[PDB]
């Protein structure tokens, strides 16, 4: 069993999600994975068809599946809509409906793509860092909150269970990688930082196979530029994670290379970081790497098929060098690039 709800969304979403499906079907056929999937309406296309971005049929399909493969969502066309039915509200409704409390965003400098990084080649080399960001609490949602003409106030607050559950997702993710977690806080100045640190240390005792270190968020802004290749997994609160994930996201030097996973109680959601790029919808040029790597994330984080996720990543790594898409200075269309990924998957299998 591998039951996937596919929500291809808007703009280039249908193209790049289909590229990811071609990869998953090739794996299913080669490995006997028991893949079953169904496509559901979501985002702008759903608004246009049904009058809302996350209609009942889709909520049901997402609930019933074991993972969501989501394309890009939204665009200029729907920007003038009431908030209640906007594509972005659909995305919040999707994530809330599943209580997804951890966002995982990996930033990887593939070998031979150091040239793309803003960092010098020797610093970019070997970067492969996974930022795990607490998604449902902290100052973004804390109470009290408000403003008057005199002042305004927001509250960074965390309860023990919120810190525990994001930490566990980080330790589990590190087991699948290089078994190293850095937890990030502001424990030398803030009570929430002290509390976060002690809670993560306590949770860490359940994961004796994973090394744990603590760093302050300001020091981490230094380290992600000076020696990012030193990290494996990094876990932190919502606002710090938003900042550091954005910092890590620019190290590979290309938006089309970045996948995202959101994990929690319900069905986990895997999607590209890039948007719907409507100006190139239907052209067959979008770089499907983010989507394909989101399917590798699905294999790894929803299904525990870590060896398979690594095979997909290696095939993508080779394809980026062999037949780079236009965003990397090459000329490979979406389908040609997907075919190159499949050739490498096939070649690695035939050992």
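Numbering follows the first chain given and starts at 1. Whichever C-alpha set is largest while still superposing within 1.5 Å between the two forms counts as the rigid core.
Relative to the shown model and aligned on the rigid core, the C-alphas in 5 other deposited structures of this protein deviate most, among 108-116 and 187-195, for 187-195. Greater average departure of CA atoms from the shown form, over structures and residues in 5 other deposited structures of this protein after a core fit, characterises 279-287 among 54-62 and 279-287. Of the two segments examined, 19-27 and 339-347, it is 339-347 that shows the higher average Cα temperature factor in the deposited entry. With 267-275 and 73-81 compared on mean CA B-factor from the PDB entry, the stretch scoring higher is 73-81. Going by the entry's values, 321 shows the largest Cα B-factor out of 321, 286, 67, 296. The PDB entry assigns the greatest CA B-factor among 106, 237, 193, 208 to 208. Compared with the other modelled residues of the chain, the Cα B-factor recorded for residue 14 ranks in the lowest third. In the deposited entry, the Cα temperature factor of residue 57 sits in the top third of values across the chain's modelled residues. Per-chain ranking of the deposited C-alpha B factor places residue 213 in the middle third. Among all modelled residues in its chain, residue 45 ranks in the middle third by Cα B-factor.
Split the chain's modelled residues into thirds by C-alpha temperature factor. Residue 316 is in the middle one.
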